[PDB]
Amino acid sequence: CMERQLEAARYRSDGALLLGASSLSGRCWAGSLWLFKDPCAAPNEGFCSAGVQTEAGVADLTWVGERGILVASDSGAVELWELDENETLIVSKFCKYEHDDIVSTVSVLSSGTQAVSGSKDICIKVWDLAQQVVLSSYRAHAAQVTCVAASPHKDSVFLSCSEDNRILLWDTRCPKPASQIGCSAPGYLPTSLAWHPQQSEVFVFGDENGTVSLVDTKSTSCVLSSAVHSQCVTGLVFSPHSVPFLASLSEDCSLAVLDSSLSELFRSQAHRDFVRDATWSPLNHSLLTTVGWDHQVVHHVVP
C-alpha cells in the first residue's frame, strides 16, 4: 500500500525515479519512500524496486549521491535513508530530532557530505551527514522557513525564503552569514527558490500571488518577472538542457515550462489536485515527470 499525497519526485543519474509520499488525511498520518527502476510503472506499489514506511509524513526529499535519501519529516527530525547494496531495501542510517516543528525544506550542498534544513520553528540548520550532527543552527527569520536552496558549486553559500517576506543569501565564511535581497519594495511572500544551473549569482523565486521572478545577486535588483500561475508557486526546477527551461509548479494544479525570459512555452492541466514536485529525465532531457496530491505521475514531452 502507498499514501494518496505524492510530495517528492527526483530522477537519479542512471534514470531511476525516487518518490516521497504522505497520508495528509484518514486514520494514520505517516509517510513512505519508493524507488522505481521502471519510471512508467510508478506509482503502482506492486511494480516498484524498493519501498519502506516512515513514522511520519515527508514534507520534502532529496538524493545524497547515488544511495542516500535525505528526508524532511513532520516529526521535526532530519533522517538519512541508506539504499541496500542490491537496492531491494531502504534502511534508516540516522533520525535526529533537532527541529521543534515540521521540517519543510532540505537541500544538499555542493560537496555532498553536508546539508541545510528549513523548518516551521523559524530556524535553519547546517548538517554533517558523516558525523550525523548539526554543525550550525541559525535563527535569521521571524516566521516559518518556506524554502532553502544550496548553491550548485559553493559549499558555504545557499538561499532561504520565509513568511517574514525575506529572501536571505547565506555565506557561512562571514560572521553575519545572512544578507537580505528581494525586489525594491516589500512584494508578496516568497514560496519557492531555484539557483540557475550555469549562471552563478543568478536565481529565480516564486511568490504566493503566482508570480515567478528572475533576480541577480550582483545587481541585487528585480530585473524581470511574469504572472505565470493564478495561485502560490510551490516549486521551481531548471532543466539539464544547455539553454535550460524553467518548470514552475503551483496550487492552481498546473505545470508551466518557461524560457530564459520567463515566456510560456508549454502548460499542462493534467493534474486535478496541487502539483508538488517536478524532475527532468537525464536519459531523455525533453521528458519531464510531475507528481501531485491526485496520486498521478504524469510523464510530459516538452518541445
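Between two forms, the rigid core is the largest collection of C-alphas that superpose within 1.5 Å. In this text, residue numbers run from 1 along the sequence as written.
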Exercise for the section: Give, as the answer, the stretch of 143 to 151 and 174 to 182 that departs more from the shown form in 6 other deposited structures of this protein; the measure is RMS Cα distance after a core fit. Expected result: 174 to 182
Handout entry: Between 32 to 40 and 271 to 279 (mean CA B-factor, as deposited), the higher
Key = 32 to 40
Completion exercise
Between 88 to 96 and 120 to 128, the record assigns the higher mean Cα B factor to 88 to 96
Fill in the blank from the handout: Entry record, C-alpha B-factors for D164, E82, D101, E208; the maximum is at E82
Handout entry: Highest recorded Cα temperature factor - choice among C253, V58, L236, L265
Key = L265
Problem - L287 by Cα B-factor - lowest, middle or highest third of the modelled chain - result: highest
Fill in the blank from the handout: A16: C-alpha B-factor third of its chain, per the entry, is the highest
Handout entry: For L249, the third of its chain into which the C-alpha B factor falls
Key = lowest
Practice task
Would you please rank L224 by its C-alpha temperature factor against the other modelled residues of its chain and give the third it falls in: lowest, middle or highest?
Solution key: highest
Handout entry: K218 - Cα temperature factor, lowest/middle/highest third of chain
Key = highest
